[PDB]
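Quick look at data_8.pdb (PDB, C-alpha atoms (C1' of nucleotides)):
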```pdb
ATOM      1  CA  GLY O   1      46.728 -28.912  -7.298
ATOM      2  CA  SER O   2      43.312 -29.681  -5.692
ATOM      3  CA  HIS O   3      41.008 -27.178  -3.828
ATOM      4  CA  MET O   4      40.605 -23.347  -4.234
ATOM      5  CA  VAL O   5      44.111 -22.385  -5.551
ATOM      6  CA  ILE O   6      43.452 -18.588  -6.089
ATOM      7  CA  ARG O   7      45.375 -17.946  -9.395
ATOM      8  CA  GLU O   8      48.822 -19.463 -10.335
ATOM      9  CA  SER O   9      49.494 -23.064 -11.622
ATOM     10  CA  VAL O  10      48.578 -24.294 -15.186
ATOM     11  CA  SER O  11      45.464 -26.356 -16.112
ATOM     12  CA  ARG O  12      45.681 -29.664 -18.102
ATOM     13  CA  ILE O  13      43.511 -32.493 -19.546
ATOM     14  CA  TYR O  14      44.190 -36.213 -18.927
ATOM     15  CA  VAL O  15      42.800 -38.894 -21.305
ATOM     16  CA  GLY O  16      43.357 -42.655 -20.764
ATOM     17  CA  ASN O  17      42.284 -46.017 -22.259
ATOM     18  CA  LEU O  18      42.568 -43.966 -25.510
ATOM     19  CA  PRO O  19      41.394 -45.275 -28.970
ATOM     20  CA  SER O  20      44.276 -47.144 -30.741
ATOM     21  CA  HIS O  21      47.244 -44.685 -30.324
ATOM     22  CA  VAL O  22      47.081 -40.848 -30.691
ATOM     23  CA  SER O  23      49.920 -38.513 -31.734
ATOM     24  CA  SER O  24      50.276 -35.454 -29.403
ATOM     25  CA  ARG O  25      50.173 -33.110 -32.484
ATOM     26  CA  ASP O  26      46.817 -34.590 -33.684
ATOM     27  CA  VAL O  27      44.966 -34.023 -30.344
ATOM     28  CA  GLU O  28      46.526 -30.497 -30.122
ATOM     29  CA  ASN O  29      44.773 -29.774 -33.485
ATOM     30  CA  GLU O  30      41.401 -30.561 -31.725
ATOM     31  CA  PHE O  31      41.980 -28.998 -28.236
ATOM     32  CA  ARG O  32      43.413 -25.632 -29.584
ATOM     33  CA  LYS O  33      39.841 -24.230 -30.178
ATOM     34  CA  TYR O  34      39.193 -24.169 -26.353
ATOM     35  CA  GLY O  35      42.409 -22.060 -25.794
ATOM     36  CA  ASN O  36      46.187 -22.070 -26.467
ATOM     37  CA  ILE O  37      48.141 -25.231 -25.452
ATOM     38  CA  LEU O  38      51.609 -24.821 -23.835
ATOM     39  CA  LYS O  39      52.714 -28.542 -23.853
ATOM     40  CA  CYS O  40      51.323 -32.015 -24.674
ATOM     41  CA  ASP O  41      52.637 -35.637 -24.408
ATOM     42  CA  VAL O  42      51.679 -39.396 -24.559
ATOM     43  CA  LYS O  43      52.373 -42.437 -22.241
ATOM     44  CA  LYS O  44      51.511 -46.184 -21.757
ATOM     45  CA  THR O  45      51.245 -48.918 -19.052
ATOM     46  CA  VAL O  46      52.572 -52.544 -19.093
ATOM     47  CA  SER O  47      48.827 -53.479 -18.768
ATOM     48  CA  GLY O  48      48.590 -52.384 -22.492
ATOM     49  CA  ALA O  49      46.448 -49.201 -22.061
ATOM     50  CA  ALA O  50      47.656 -45.754 -23.304
ATOM     51  CA  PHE O  51      47.414 -42.151 -21.977
ATOM     52  CA  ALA O  52      47.752 -38.512 -23.184
ATOM     53  CA  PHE O  53      48.189 -35.155 -21.383
ATOM     54  CA  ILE O  54      47.367 -31.661 -22.788
ATOM     55  CA  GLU O  55      48.150 -28.284 -21.082
ATOM     56  CA  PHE O  56      45.910 -25.118 -21.302
ATOM     57  CA  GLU O  57      46.340 -21.329 -20.783
ATOM     58  CA  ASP O  58      43.048 -21.086 -18.707
ATOM     59  CA  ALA O  59      40.996 -23.722 -16.781
ATOM     60  CA  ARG O  60      37.312 -22.621 -17.247
ATOM     61  CA  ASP O  61      37.450 -22.398 -21.090
ATOM     62  CA  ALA O  62      39.091 -25.896 -21.253
ATOM     63  CA  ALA O  63      36.378 -27.257 -18.848
ATOM     64  CA  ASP O  64      33.809 -27.177 -21.743
ATOM     65  CA  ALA O  65      35.955 -29.918 -23.394
ATOM     66  CA  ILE O  66      36.430 -31.964 -20.154
ATOM     67  CA  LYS O  67      32.630 -31.988 -19.390
ATOM     68  CA  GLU O  68      31.565 -33.050 -22.962
ATOM     69  CA  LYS O  69      34.365 -35.732 -23.136
ATOM     70  CA  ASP O  70      33.113 -37.095 -19.715
ATOM     71  CA  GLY O  71      32.010 -40.642 -18.656
ATOM     72  CA  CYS O  72      34.808 -43.264 -18.469
ATOM     73  CA  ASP O  73      34.243 -46.837 -19.785
ATOM     74  CA  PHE O  74      35.659 -50.372 -19.230
ATOM     75  CA  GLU O  75      35.030 -54.198 -19.470
ATOM     76  CA  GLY O  76      34.015 -54.056 -23.210
ATOM     77  CA  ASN O  77      35.048 -50.564 -24.505
ATOM     78  CA  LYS O  78      38.266 -48.452 -24.007
ATOM     79  CA  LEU O  79      37.916 -44.714 -23.101
ATOM     80  CA  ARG O  80      38.587 -42.561 -19.936
ATOM     81  CA  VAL O  81      38.825 -38.751 -19.331
ATOM     82  CA  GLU O  82      39.573 -37.048 -15.959
ATOM     83  CA  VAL O  83      41.073 -33.803 -14.490
ATOM     84  CA  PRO O  84      43.210 -34.341 -11.299
ATOM     85  CA  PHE O  85      44.775 -30.835 -11.843
ATOM     86  CA  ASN O  86      41.274 -29.197 -11.509
ATOM     87  CA  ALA O  87      42.521 -25.595 -10.958
ATOM     88  CA  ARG O  88      40.164 -22.650 -10.033
ATOM     89  CA  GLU O  89      37.179 -24.901  -8.994
TER      90      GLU O  89
ATOM     91  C1'   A N   1      43.073 -43.292 -11.765
ATOM     92  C1'   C N   2      48.263 -40.405 -14.284
ATOM     93  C1'   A N   3      51.644 -37.687 -16.576
ATOM     94  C1'   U N   4      55.461 -32.755 -18.769
ATOM     95  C1'   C N   5      60.324 -33.280 -20.329
ATOM     96  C1'   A N   6      60.358 -27.958 -24.581
TER      97        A N   6
END
```
File written out as structure tokens:
Amino acid sequence: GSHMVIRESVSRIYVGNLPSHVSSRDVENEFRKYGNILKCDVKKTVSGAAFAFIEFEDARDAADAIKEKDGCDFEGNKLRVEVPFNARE
RNA sequence: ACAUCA
């Protein structure tokens, strides 16, 4: 998970407070340019917000997406992007 | 802040 892992594990993206509702296949069609995706899925909370999760074959190539998609927002607009599974930092 | 099950 966190800290200097030294190879192994698999990197992912998390997006939350997402616009309307995404299909996992539609966001795969965008993320695939940063590297091959192994799995993706979508979720929701009883608070009414929605989430999506997108796996990647290498962390540092996918990080160019995570850093341009950065800056979460609230209390007037819905969008959030974060990487808890920040492998090879 | 939050999931993976393929």
Tell me as a PDB file with C-alpha atoms (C1' of nucleotides), keeping the file's coordinate frame which residues belonging to chain N come within 8 Å of chain O, counting only C-alpha atoms (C1' of nucleotides).
```
ATOM      1  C1'   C N   2      48.263 -40.405 -14.284  1.00  0.00           C
ATOM      2  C1'   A N   3      51.644 -37.687 -16.576  1.00  0.00           C
ATOM      3  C1'   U N   4      55.461 -32.755 -18.769  1.00  0.00           C
ATOM      4  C1'   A N   6      60.358 -27.958 -24.581  1.00  0.00           C
TER       5        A N   6
END
```
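When CA of residue 8 in chain O is paired with CA of residue 59 in chain O, their separation reads 11.0 Å.
Between CA of residue 9 in chain O and CA of residue 24 in chain O the separation is 21.7 Å.
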Interatomic distance, CA of residue 49 in chain O to CA of residue 85 in chain O (Å, one decimal)
21.1 Å
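Proximity ranking of O:64, O:72, O:86, O:35 relative to residue 11 in chain O places O:86 first, based on all atoms listed in the file.
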Quick one: residues within 7 Å of range 75-78 of chain O, only C-alpha atoms (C1' of nucleotides), excluding same-chain residues fewer than 6 positions away - as a ChimeraX atom specification?
/O:17-19
Output range 65-82 of chain O as a short mmCIF file (atom, residue, chain, number, x, y, z; two decimals), in the coordinates of the input, making sure N, CA, C and O atoms are there.
```cif
data_model
loop_
_atom_site.label_atom_id
_atom_site.label_comp_id
_atom_site.auth_asym_id
_atom_site.auth_seq_id
_atom_site.Cartn_x
_atom_site.Cartn_y
_atom_site.Cartn_z
N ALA O 65 35.48 -28.67 -22.81
CA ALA O 65 35.96 -29.92 -23.39
C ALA O 65 35.85 -31.07 -22.39
O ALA O 65 35.27 -32.11 -22.69
N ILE O 66 36.37 -30.89 -21.16
CA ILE O 66 36.43 -31.96 -20.15
C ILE O 66 35.03 -32.48 -19.77
O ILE O 66 34.86 -33.69 -19.59
N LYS O 67 34.02 -31.60 -19.72
CA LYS O 67 32.63 -31.99 -19.39
C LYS O 67 31.87 -32.65 -20.54
O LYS O 67 30.96 -33.44 -20.27
N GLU O 68 32.20 -32.38 -21.81
CA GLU O 68 31.56 -33.05 -22.96
C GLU O 68 32.24 -34.39 -23.30
O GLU O 68 31.57 -35.36 -23.66
N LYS O 69 33.56 -34.50 -23.07
CA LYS O 69 34.36 -35.73 -23.14
C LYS O 69 34.18 -36.67 -21.92
O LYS O 69 34.89 -37.67 -21.82
N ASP O 70 33.28 -36.36 -20.98
CA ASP O 70 33.11 -37.10 -19.72
C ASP O 70 32.56 -38.53 -19.87
O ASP O 70 32.17 -38.98 -20.95
N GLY O 71 32.53 -39.27 -18.75
CA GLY O 71 32.01 -40.64 -18.66
C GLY O 71 33.01 -41.70 -19.13
O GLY O 71 33.01 -42.10 -20.30
N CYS O 72 33.87 -42.17 -18.22
CA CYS O 72 34.81 -43.26 -18.47
C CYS O 72 34.10 -44.63 -18.66
O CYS O 72 32.96 -44.83 -18.24
N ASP O 73 34.79 -45.56 -19.33
CA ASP O 73 34.24 -46.84 -19.78
C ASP O 73 35.30 -47.96 -19.76
O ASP O 73 36.51 -47.71 -19.85
N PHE O 74 34.84 -49.20 -19.57
CA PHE O 74 35.66 -50.37 -19.23
C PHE O 74 34.88 -51.69 -19.45
O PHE O 74 33.67 -51.69 -19.66
N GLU O 75 35.59 -52.83 -19.39
CA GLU O 75 35.03 -54.20 -19.47
C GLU O 75 34.24 -54.51 -20.77
O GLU O 75 33.32 -55.32 -20.78
N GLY O 76 34.61 -53.85 -21.88
CA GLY O 76 34.02 -54.06 -23.21
C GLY O 76 34.31 -52.93 -24.22
O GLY O 76 34.30 -53.16 -25.43
N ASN O 77 34.63 -51.73 -23.72
CA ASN O 77 35.05 -50.56 -24.50
C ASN O 77 36.17 -49.80 -23.77
O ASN O 77 36.19 -49.77 -22.53
N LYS O 78 37.10 -49.21 -24.51
CA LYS O 78 38.27 -48.45 -24.01
C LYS O 78 38.06 -46.95 -24.25
O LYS O 78 38.13 -46.50 -25.39
N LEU O 79 37.81 -46.19 -23.17
CA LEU O 79 37.92 -44.71 -23.10
C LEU O 79 37.81 -44.23 -21.64
O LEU O 79 36.99 -44.73 -20.87
N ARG O 80 38.61 -43.22 -21.26
CA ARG O 80 38.59 -42.56 -19.94
C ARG O 80 39.08 -41.11 -20.06
O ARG O 80 40.07 -40.86 -20.73
N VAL O 81 38.42 -40.17 -19.39
CA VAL O 81 38.83 -38.75 -19.33
C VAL O 81 38.58 -38.21 -17.92
O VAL O 81 37.51 -38.42 -17.35
N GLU O 82 39.58 -37.54 -17.34
CA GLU O 82 39.57 -37.05 -15.96
C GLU O 82 40.52 -35.85 -15.80
O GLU O 82 41.46 -35.66 -16.57
#
```
